[PDB]
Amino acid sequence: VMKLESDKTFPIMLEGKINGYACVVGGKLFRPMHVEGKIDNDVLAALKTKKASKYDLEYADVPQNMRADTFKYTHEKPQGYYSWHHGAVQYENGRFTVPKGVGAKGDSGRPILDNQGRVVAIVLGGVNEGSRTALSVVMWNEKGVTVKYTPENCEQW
């Protein structure tokens, strides 16, 4: 039994450029609503999406054959660190932050993960606040309720 985890995030192409990302979490597929482009994946690109303006997210149910190859998600956000494509992600007092100079237009849609490989949030954008850059994200509390958090003067990515 060879367990090779496959990509669960996919670049959204626009004018031949990576304008953001989509990902599959909990049998669903998500993409930031403010981000335009075509998912670099035929199968997923064809799926019709329901829109949730409140969360700047569009989503669709992933095909049956993919139901088992998606990110698991959790509400557990103890203060400490997590990871995302660019590296270390800090979580403290309800805000996710990354190092100054990391993160810019194009990262919208990237997931944030705990050490157990579980998704704790999806990035929508950010803003530099001194030595750190605070992120705008979609998260989830214990009840499964989706919550969107956006920092002061945030910039959509």
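So that there is no doubt, residue numbering starts at 1 and follows the sequence shown.
Higher average CA B factor: 34-42, of the stretches 119-127 and 34-42. Higher mean CA temperature factor, per the PDB entry, when comparing 16-24 with 133-141: 16-24. Among 112, 98, 47, 104, the highest C-alpha B-factor in the deposited entry belongs to 47. In the deposited entry, the Cα temperature factor of residue 150 places it in the lowest third of its chain's modelled residues. Annotation for residue 90: C-alpha temperature factor in the lowest third relative to the rest of the modelled chain, per the entry.
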